[PDB]
Every structure is written in structure tokens, then in C-alpha cells.
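Protein chains in written order, with the working numbering: chain A, 1 to 49; chain B, 1 to 48; chain C, 1 to 97; chain D, 1 to 114; chain E, 1 to 97; chain F, 1 to 49; chain G, 1 to 49. This report refers to the structure that appears directly beneath it.
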Amino acid sequence: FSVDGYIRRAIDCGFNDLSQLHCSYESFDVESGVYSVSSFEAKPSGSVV
Amino acid sequence: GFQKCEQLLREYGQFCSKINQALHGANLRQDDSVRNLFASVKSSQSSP
Amino acid sequence: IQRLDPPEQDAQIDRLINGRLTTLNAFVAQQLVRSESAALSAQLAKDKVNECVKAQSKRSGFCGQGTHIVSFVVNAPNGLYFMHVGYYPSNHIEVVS
Amino acid sequence: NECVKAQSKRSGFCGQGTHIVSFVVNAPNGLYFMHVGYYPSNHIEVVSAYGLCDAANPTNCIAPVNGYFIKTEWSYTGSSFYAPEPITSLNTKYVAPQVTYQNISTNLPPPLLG
Amino acid sequence: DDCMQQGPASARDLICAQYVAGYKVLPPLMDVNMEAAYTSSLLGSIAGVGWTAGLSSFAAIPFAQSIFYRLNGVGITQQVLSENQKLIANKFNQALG
Amino acid sequence: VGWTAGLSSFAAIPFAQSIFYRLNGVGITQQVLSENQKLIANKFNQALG
Amino acid sequence: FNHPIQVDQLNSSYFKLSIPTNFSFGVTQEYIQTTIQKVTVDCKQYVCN
Ligand SMILES: *[C@@H]1O[C@H](CO)[C@@H](O[C@@H]2O[C@H](CO)[C@@H](O[C@@H]3O[C@H](CO)[C@@H](O)[C@H](O[C@H]4O[C@H](CO)[C@@H](O)[C@H](O)[C@@H]4O)[C@@H]3O)[C@H](O)[C@H]2NC(C)=O)[C@H](O)[C@H]1NC(C)=O
Ligand SMILES: *[C@@H]1O[C@H](CO)[C@@H](O)[C@H](O)[C@H]1NC(C)=O
Ligand SMILES: *[C@@H]1O[C@H](CO)[C@@H](O)[C@H](O)[C@H]1NC(C)=O
Numbered sequence: 001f002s003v004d005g006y007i008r009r010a011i012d013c014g015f016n017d018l019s020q021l022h023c024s025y026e027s028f029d030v031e032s033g034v035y036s037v038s039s040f041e042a043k044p045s046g047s048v049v
Numbered sequence: 001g002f003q004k005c006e007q008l009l010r011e012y013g014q015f016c017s018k019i020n021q022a023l024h025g026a027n028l029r030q031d032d033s034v035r036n037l038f039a040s041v042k043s044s045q046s047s048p
Numbered sequence: 001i002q003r004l005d006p007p008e009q010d011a012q013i014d015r016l017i018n019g020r021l022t023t024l025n026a027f028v029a030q031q032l033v034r035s036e037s038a039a040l041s042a043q044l045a046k047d048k049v050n051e052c053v054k055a056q057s058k059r060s061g062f063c064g065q066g067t068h069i070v071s072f073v074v075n076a077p078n079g080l081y082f083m084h085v086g087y088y089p090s091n092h093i094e095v096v097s
Numbered sequence: 001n002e003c004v005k006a007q008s009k010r011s012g013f014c015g016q017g018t019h020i021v022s023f024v025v026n027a028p029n030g031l032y033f034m035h036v037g038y039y040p041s042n043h044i045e046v047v048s049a050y051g052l053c054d055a056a057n058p059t060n061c062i063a064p065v066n067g068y069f070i071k072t073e074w075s076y077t078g079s080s081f082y083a084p085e086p087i088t089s090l091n092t093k094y095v096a097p098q099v100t101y102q103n104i105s106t107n108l109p110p111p112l113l114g
Numbered sequence: 001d002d003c004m005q006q007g008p009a010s011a012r013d014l015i016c017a018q019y020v021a022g023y024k025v026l027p028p029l030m031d032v033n034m035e036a037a038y039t040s041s042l043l044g045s046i047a048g049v050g051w052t053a054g055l056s057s058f059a060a061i062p063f064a065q066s067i068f069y070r071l072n073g074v075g076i077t078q079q080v081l082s083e084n085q086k087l088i089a090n091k092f093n094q095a096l097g
Numbered sequence: 001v002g003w004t005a006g007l008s009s010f011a012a013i014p015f016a017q018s019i020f021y022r023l024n025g026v027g028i029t030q031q032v033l034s035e036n037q038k039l040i041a042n043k044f045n046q047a048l049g
Numbered sequence: 001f002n003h004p005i006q007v008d009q010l011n012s013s014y015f016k017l018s019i020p021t022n023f024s025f026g027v028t029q030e031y032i033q034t035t036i037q038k039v040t041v042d043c044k045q046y047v048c049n
């Protein structure tokens, strides 16, 4: 949010792992490093009943 | 000693096992600390 | 138990459980912090006996203040009480060397 | 730095006994120190001097270096192992005279034969 | 039993609380006489341990003799220590007294 | 490394030679170390073995 | 209580020396932990699955 309140820039926090990093620090600029982020989930391919 | 409570306590997992083990280890730590400390204060030779 | 039936009795007992579990976790966390601290401190005591008491130290400020001469040790309620005897100069004068 | 890269003179810092040499290997969550110390045994009691002075020349006195002057007349032994050897200029230092030094008048060691 | 036949010593008696609250204070690893034995043997080792090279031999020398070597070792000459032995002992005694 | 003054020079000397200096430095005389070099090495070896 | 060797003081200008006649080498073993296992947690997955 700019001083005048408009949104000029944003991060989609679920787009990729880099985006998740920015969101977790609530910043567009984070320091260099190696960070753990949410795992890449396995998803169901079907169901058994 | 209330059974209803104990029944509900069980749903929190082995809570008390964790309390007891953590303190048991913490208590062993002092016996080991003391044993080591005194082993080092101990003199080989000394005058009366 | 005497006042309430199970659907509400449960909620009330559960509040007491949560509070007591919290208390015990806090207690244990502190016994672990305090025992870790005491253990480090015990190693300091070990070093002082060897450096201070069983030897004359040349390390300024390790034992007592001033120049170390001799130290003694007695037991204390939760540890050791060190008695460091140092040499304290006074009435300094200036000379040319 | 104290143990492995150096011989330590700090009692109990490294291992027990008198430190000689230490080695290090890795361990699962850290280092495993291997401290080799010198452990004395079979101690005996002998009679020692604080120092020796020439009885004829009382201001000429010696003290042992890293050892003791022992009766056996007087001889020198290293501090960690009883093994009498002659008192020589290599195991003595000249010192100011003291009331506790012995006055020797016969078998004067070479540092006092002046 | 003390907490039953006499009861709590005062308000908030944490020793008697043990049998009520559900906690126990455990005894220390060594009794008092053993700890005293360790520091007593330590006292008797001081003069003869901090004396010369190596940690293997013991010089059973007077405490006073040890002090004078300790003072000489920090820069007080032997002529001074010899003239002032009674003064030094008195100052030492004042420091501890 | 544990041989003389300063941390800047390295004396590439035998381990055994280092041990004898270390023993001499704690109060065992050279006459003793010289007579007992094999005894000393054997005791050292027993300690590690 | 394991008593130390008692060495008497003398009423004289001499002193008693309790000195070794024998020796051995021994090894004091010591372990120093320098690290702990490094763990990260996917907190969102842990809590909500
Ligand atoms: C080996 O020989 C030495 C040298 O003779 C001997 O040590 C000397 O012993 C005498 C006493 O036998 C000391 O002389 C005096 O002793 C009294 C004892 O109370 C002191 O009070 C005296 O001090 C006063 O006088 C001094 C004179 O200058 C003053 O300076 C001082 O401030 C006091 O006023 C005095 O010490 C003598 O000093 C010592 N010598 C040394 C170097 O200390 C030694 O005992 C003999 N060895 C053995 C084992 O007998
Ligand atoms: C022996 O010890 C007593 C203890 O008071 C002392 O007064 C006396 O002078 C001592 N004798 C010697 C030779 O030191
Ligand atoms: C030193 O102790 C060992 C222990 O067995 C013994 O075999 C050896 O003969 C001893 N040496 C002396 C000089 O007593």
C-alpha cells in the first residue's frame, strides 16, 4: 500500500516457493539465504472405497 | 485421583510420561554435575 | 463433578486440565533452564578450584580482585563459596625508572 | 587450542593428571577429545630442602629448578619422578639467602664451589 | 510425618505442600559430611600443591611458607618478606578475621 | 605446533621427540627420559591401545 | 570418601616431599557437543494437514 493507499505491487503467496518466502517475512525484500518453505504437496489422483 | 479427569487427561497423550522423563533427566544432570565437580576438587595427596 | 452433568462437566474439568498441564510444562521448562545454568556454573566452579585454589592464578580478575595470592573453598547451600585472598596495593608513589 | 595445539598447564582443564598431549576426532554431534595425561604412582616420602647455601659463603645460595633438593648428601630430582641425580648448574638457580636454606659445609655441589 | 504430627511451619510452607500438591523434593547426591570431607582435604592440600612443576608431587610445607613464595612470585622481594613476616601475617589475619 | 614461542613457525619434528619435550616440561628429567624411552613409548601405547 | 595420601609437615627447616616413583599414561575421554540436528517445520502442514 502506497502513501496514497493504492496497491501498486503485490505477491501471490501461493505462486511459487520464492513468493512464499516473501510472504512469510511480509516483505518484498528478504535477505539472501537458504530457507525452508511449505512442501510441495502430493495430491490425490483418485479415491478408493 | 478423580477418574473422570484421568480419562480426559489421556486424550492429551503421554503428557505425564514427558513430565517425568524431562525431570528425571534434569535430576540426573545434577548428580552427574556434582560427581564431576567433586572428582575434580578431590586431592591426590594432602596434609592433615 | 458434584454440580455438573458430563457435557458441561467435561468442559470444566478440561479447563482445569489445560491450566495444570500448562503449569507443569512451565515448571519443567524452568527446571531444564535452571539445571542447564547450574551445570555451566558447576564447570566454572571446577575451573576455579583448579585455577584459584589448587594454584596461584596469574589471570587478572579471574579469581578475586587485586593480585591473587591464595583461595579457599567451603560448601554453600547450592554450591561452593570461594574465599579469594588477594594483594591490594596502596599509597602509590611515582619514581623514575 | 589449549589441549591439542598446546600442552596445557591448567589442572583439570584437559584431562586428569598432568597433561601431555591431546588428540581430536569427530563425533556424531561434535568432537571427541582424547586427552593423554601423566599419572603418577607409588609415591614415596623423602626429605627436601628449600634451598642450599654455602656455609662458609652464606650469601651464595641455590634453589632447585622444576624439581627438588633431596637427602640421599644432597641431590636433585625432577618434580614428577623420583630419580636422584647430581646438583649441577643445569638444575639450579641462584637465589637470595633465606632462613630455611640449609648451610652445607662438606660435599658442596659445583654451583656453590666458588 | 513431621507435616502430619506438627503440620506446616508457616503460611505457604512448600515442604509440607509436597504431600498435598503431588511433588517431591529429592535429596542431594552427597551428604554433608562427605562434602565437608572434600573441602577439608582440599584445604590441607593448598600449601603443597601450588608449589612447583607438575601435578604429581606434594610438598608438605607450612602454609606460611607457601604464602611467602606466593608473595615473592608477584613481585615482593625476599628482603621485604623477611623483614615483614609478622606484618604480613597480621594483615592476612585481618583480611580473614 | 606445541613446541616453542609464537604461533607462527612450525617445527616438523617427530612425534616421539615432542613427547619427550612434553615430559621434560612437567618435571621428568632428561636422564630419566633417555634411559626410559622404550618404557615410555610402551606405556603410552598401552594407554591408547 | 576416598582419602588423599596424607603427607605430614615437619617441625624443621626441611619438608616432606611425596614424590612418584612410578607412572603410567592414561586417557581421559571427553565429548563436546558442538551442534544439534537442524530441523525445519512446515508449520501450516503440521497444524492443518
Ligand atoms: C643457614 O645460614 C643462614 C644465615 O646465617 C641462617 O639464617 C639466618 O638465621 C638468623 C637467625 O638464626 C636470622 O637472624 C635473625 O633472626 C631473628 C629471628 O627472630 C630475626 O628476628 C632477626 O630479624 C631482626 O634483625 C634483622 C637484622 O638485619 C632485621 O633486618 C629485621 O628487620 C629484624 O630487626 C634476624 O632475622 C637471619 O636473618 C637468617 N638469615 C636469613 C638469610 O634469613 C639459616 O637459618 C641457616 N640454615 C639453617 C637451616 O639453619
Ligand atoms: C615445634 O612446634 C611447636 C608448635 O608450637 C613450635 O612452637 C616449636 O618452635 C617447633 N619446633 C621447631 C623445631 O620448629
Ligand atoms: C610401575 O607399576 C607397574 C604396574 O604393574 C609395575 O608393573 C611396574 O613394575 C612398576 N614399576 C615400578 C618401578 O615399581
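All C-beta atoms, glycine included, are put in the ideal place defined by N, C-alpha and C.
Is any beta-carbon of chain F found at less than 8 Å from that of residue i?
i	result
D/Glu85	yes
D/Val21	yes
Along the alpha helix (DSSP H) that carries residue i, what are the first and last residues, could you check?
i	result
E/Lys91	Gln85 to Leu96
A/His22	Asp17 to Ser24
A/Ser45	Careful: A/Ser45 lies outside any alpha helix (DSSP H) and carries neither H nor E.
F/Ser18	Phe15 to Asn24
C/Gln9	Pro6 to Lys48
B/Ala22	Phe15 to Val41
E/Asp2	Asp2 to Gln5
Buried or exposed for residue i, going by 16 or more other Cβ atoms inside 10 Å?
i	result
C/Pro89	exposed
G/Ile32	exposed
E/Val49	buried
G/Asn2	exposed
D/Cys53	buried
D/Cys3	buried
C/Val73	buried
D/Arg10	exposed
Just the chain J side, please: which residues come within less than 7 Å of residue i by C-beta, in chain order?
i	result
G/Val27	Checking the listed chains, one finds no chain J in this structure; the protein chains it contains are A, B, C, D, E, F and G.
Consider the Cβ of residue i: report whether some Cβ of chain G lies at a distance smaller than 8 Å.
i	result
D/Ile104	no
D/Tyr82	yes
F/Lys43	yes
A/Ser36	yes
B/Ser44	yes
With residue i as the anchor, note down where its beta strand (DSSP E) starts and where it stops.
i	result
E/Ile15	Note, E/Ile15: premise wrong, no beta strand (DSSP E); not H, not E.
G/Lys16	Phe15 to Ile19
D/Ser22	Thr18 to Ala27
D/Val46	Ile44 to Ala49
E/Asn33	Taken as a continuous stretch (DSSP letters only), E/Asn33 belongs to no beta strand (DSSP E), being part of the alpha helix (DSSP H) at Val32 to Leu43.
D/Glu85	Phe81 to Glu85
B/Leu8	Run containing B/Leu8: none in the beta strand (DSSP E); it sits in the alpha helix (DSSP H), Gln3 to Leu9.
C/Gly86	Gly79 to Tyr87
E/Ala60	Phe58 to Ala60
D/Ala63	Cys61 to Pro64
D/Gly67	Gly67 to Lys71
Any C-beta of chain D sitting closer than 8 Å to the C-beta of residue i?
i	result
E/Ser45	no
C/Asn25	no
Taking 8 Å as the CB-CB limit, is residue i close to chain B?
i	result
D/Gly37	no
Taking 8 Å as the threshold (beta carbon to beta carbon), is residue i in contact with chain E?
i	result
D/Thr18	yes
C/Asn18	no
C/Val28	no
B/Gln3	no
D/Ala96	yes
So is residue i in contact with chain C if we call contact Cβ pairs under 8 Å?
i	result
B/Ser40	yes
Using a Cβ-Cβ cut-off of 8 Å, state whether residue i counts as contacting chain A.
i	result
G/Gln33	no
**Prompt:** When you check each C-beta in the stretch 4–25 of chain G against every C-beta of chain F, which residues fall closer than 7 Å?
**Reply:** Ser24 and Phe25
**Prompt:** Which residues, in chain order, sit with a beta-carbon under 6 Å away from any heavy atom of ligand 2?
**Reply:** G/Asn11 and G/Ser12
**Any residue whose CB is nearer than 6 Å to a heavy atom belonging to ligand 1, listed in chain order** = D/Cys53, D/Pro58, D/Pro97, D/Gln98, D/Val99, D/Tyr101, D/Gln102, D/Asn103, E/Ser82, E/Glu83 and G/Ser13
**Item:** Within 8 Å of chain G by C-beta, residues of the stretch 41–57 of chain D in sequence order
**Value:** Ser41, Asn42, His43, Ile44, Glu45, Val46, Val47, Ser48, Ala49 and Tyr50
**Message:** If the cut-off is 9 Å on Cβ atoms, which residues from the stretch 19–32 of chain F count as contacting chain E, listed in chain order?
**Reply:** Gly25, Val26, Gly27 and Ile28
**Item:** Where the stretch 15–31 of chain B meets chain C: residues whose CB sits under 7 Å from a CB there
**Value:** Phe15, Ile19, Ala22, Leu23, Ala26, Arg29 and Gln30
**Request:** Specify which residues have a beta carbon nearer than 7 Å to any heavy atom of ligand 3, listing them in chain order.
**Result:** D/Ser41, D/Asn42, G/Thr21, G/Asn22 and G/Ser24
**Message:** Can you pull out the residues from the stretch 46–58 of chain E whose beta carbon lies closer than 7 Å to at least one beta carbon of chain D?
**Reply:** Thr52, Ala53, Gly54, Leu55, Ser56 and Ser57
**Request:** Select from the stretch 33–66 of chain C all residues with a C-beta closer than 9 Å to any C-beta belonging to chain D, and list them in chain order.
**Result:** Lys46, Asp47, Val49, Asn50, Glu51, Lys54 and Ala55
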